[PDB]
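In structure tokens, one chain follows: the form deposited in one PDB entry.
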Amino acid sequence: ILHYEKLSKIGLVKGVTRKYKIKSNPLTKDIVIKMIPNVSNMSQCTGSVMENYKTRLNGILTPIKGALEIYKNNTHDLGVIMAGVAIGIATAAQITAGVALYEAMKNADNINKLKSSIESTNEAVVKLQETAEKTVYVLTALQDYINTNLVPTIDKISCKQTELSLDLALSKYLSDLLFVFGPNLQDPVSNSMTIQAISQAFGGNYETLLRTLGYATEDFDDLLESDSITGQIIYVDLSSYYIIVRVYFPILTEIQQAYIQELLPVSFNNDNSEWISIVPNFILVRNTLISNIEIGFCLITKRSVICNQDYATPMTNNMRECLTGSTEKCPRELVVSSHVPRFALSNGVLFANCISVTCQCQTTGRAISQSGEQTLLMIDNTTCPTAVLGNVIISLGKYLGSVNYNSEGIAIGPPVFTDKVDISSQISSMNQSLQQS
């Protein structure tokens, strides 16, 4: 549906076509992150460090537990009911997240039946027997540090040094914690917070968390970096200072009739100036409808664009019309920087601004000349089996498009200035001339 020939003529070189994947069907696993280390092996000279740490951690965790209890106390089964009056104000995402929190309350209670065993966890990773057939895992923050550094060196350093080192470790853990579990966490109910953020409760070690819970290795890294493996804090304990996090392990589903077309931006010539067209570099086409996509929120992979949600965003009529051929409607921006892509390779075919980049033909030793009325030059086997663009030597292929590509002129779009302040000034000028009219 995209007119790739005309788009490439204005520098929108056809890039890698990617399939559109969104997280779906989450496998839910509940894990315990004990946010306080077990100092029983070194309690002899711990001092008041653990009490102060408990006070600070309780202050951090109390807003989270209160926000959770807002839903835990207003959610009932018949089928799950919420008291909308008691909730008062909530978004749809937050309501569905409260539903998910309520469904996780049964396993949360089953785990909390092992509160004493969670408190006695003296290793950074411990498996606990929930009901002789279900197992829960406890991730104790800083327990690795305690057991590996502080316990082996009780008599090597004075125990006051051990106390100070423990206090420093706890405070470093809290400092890393507060960016995630602090006042920024005003919606702990939402199950959109990534497991990487959740792992800050374990010192940012989400690798240990996920390998301990277990996962499908298929698309696992792609689900991690697309922010699809999310965690939801299900239970907060203010006495044992541990959180129960339900980790959502989704799978990847290919969106029907949806591909994301990457366009490689290449500067071109109009008049005697370099121009790059202001067109989205990632075009989502779904069910033969063209739209934008907020691909910054997604993980772009060589074969697929992997998102945690549908990030399709609407496209204006002019952009849709010019992506389909009406290139006089695609806006262009003056190139004043020396670092702009002067060429790109598409299907073994070079599309180059041969006026701005020196194009030489490696086979016949001739210079590939671009006239002033040509925007780009399509360089392929018919003209140059091998081409030198600057210092890079590229052996080419056959252009499957038109054979009169380099002789067929294109209609050029209007110049623009995509700077924010330039946008404001252009709005000013348009409003002024409109009031004059």
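The first residue of the sequence shown is number 1, and the count goes up from there.
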Unresolved deposited positions lying between residue 78 and residue 79 come to 4 to 9
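What comes next is about the form deposited in another entry, which is not displayed.
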With one rigid part turning against another between this form and the one not shown, at which of 84, 408, 254, 216 does the hinge fall? 254
Say whether the C-alpha atoms of residue 114 and residue 134 sit closer together or farther apart in that other deposited form than in the form shown here, given that their separation changes by 3 Å or more. closer
Answer with closer or farther for the CA-CA spacing of residue 119 and residue 134 in that other deposited form compared to the shown form; it moves by 3 Å or more. closer
